[PDB]
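Here's a solo chain for you in structure tokens, the form deposited in one PDB entry.
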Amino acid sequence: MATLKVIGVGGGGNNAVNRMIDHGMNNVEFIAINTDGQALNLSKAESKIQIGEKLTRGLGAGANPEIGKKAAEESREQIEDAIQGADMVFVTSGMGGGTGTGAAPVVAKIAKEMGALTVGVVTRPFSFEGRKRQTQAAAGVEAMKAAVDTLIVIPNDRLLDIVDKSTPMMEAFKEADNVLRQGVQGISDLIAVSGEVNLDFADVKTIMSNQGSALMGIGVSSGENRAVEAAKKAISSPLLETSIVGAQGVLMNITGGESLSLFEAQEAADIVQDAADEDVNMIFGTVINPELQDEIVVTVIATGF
């Protein structure tokens, strides 16, 4: 089977990896990468890589992205060996600081040059962190786009749209982690289960390779109108920079029980074509899971904007 690895780069990246291991997630290998040895010693990841020990002496990059870049380059062979064998690599990082901003594009490039399908999932900083953080982050975002196959960007300011005045900050951060966690889970399930209309990792590659911005979403629903509601959920995250409008390629999977109807499959497909507003390259699949009764799940991967 294809092997999927998730790499957290810098403090936010390593936080996401820890929170996803906590949630449980298997068939996925985790790798934590950082300059900061204090933070890295707390990582729950099976594979830990301290970069730039010489440059930083176990500290972080002190918000200098050039030091994160030089720290990754210096540790290229330890990064290659941790990646080796991966068919797909998800590189997650908070843009704007020193280590994620500088090192995450180098990790991505190493992954892509070793043959993995390479997906970045990165955050931009909150506005309240100031203009410079934001400018450094935008330079990181540009570097990541040049190095990955597909990029998903999560503006942290979007978390302010889904909290109330009391929502704990750690709960907000878990919501942003879901973008990555559901993407990865979605792909993992699409590879593992055999569908009636079967999708596989060759279809993932066709839709995601060398294709810029991406959306990855899962939607689940029941009852009346379940296929439309699940498909609208899959494509409508309030956390994303890139909405599905304009998508040129789509991978879409519908999973349901024995009651799944042809009519409802068509309805869900049309939701995604309409929101696309394009002459799309759609690869459609279907799985019948008899353990499902009233539930239907729609998975969507959209690219090509």
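We call the rigid core the largest set of C-alpha positions that still match within 1.5 Å between the two forms. Numbering starts at 1 and runs along the sequence shown.
There is another form of the same protein, the form deposited in another entry; it is not shown, and what comes next is about it.
Asker: Core-aligned, between the shown form and the other one, one residue among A39, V28, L260, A45 moves its CA by 2 Å or more. Tell me which.
Answerer: The answer here is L260.
Asker: Rigid core aligned, does the Cα position of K174 differ by 2 Å or more between the shown form and the other one?
Answerer: Yes, the C-alpha moves 2 Å or more.
Asker: Has the Cα of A234 moved 2 Å or more between the shown form and the other one, judged after a core fit?
Answerer: Yes.
Asker: Once the core is aligned, please say if the CA of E196 is shifted by at least 2 angstroms between the shown form and the other one.
Answerer: Yes, the C-alpha moves 2 Å or more.
Asker: Where do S188 and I152 end up in the other entry, Cα atoms closer or farther than shown, with a change of 3 Å or more?
Answerer: Closer together, by at least 3 Å.
Asker: Looking in the other entry, decide if the C-alpha atoms of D81 and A192 are closer or farther than in the form shown; they differ by 3 Å or more.
Answerer: It is closer: in the other entry, the C-alpha atoms of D81 and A192 lie at least 3 Å nearer than they do here.
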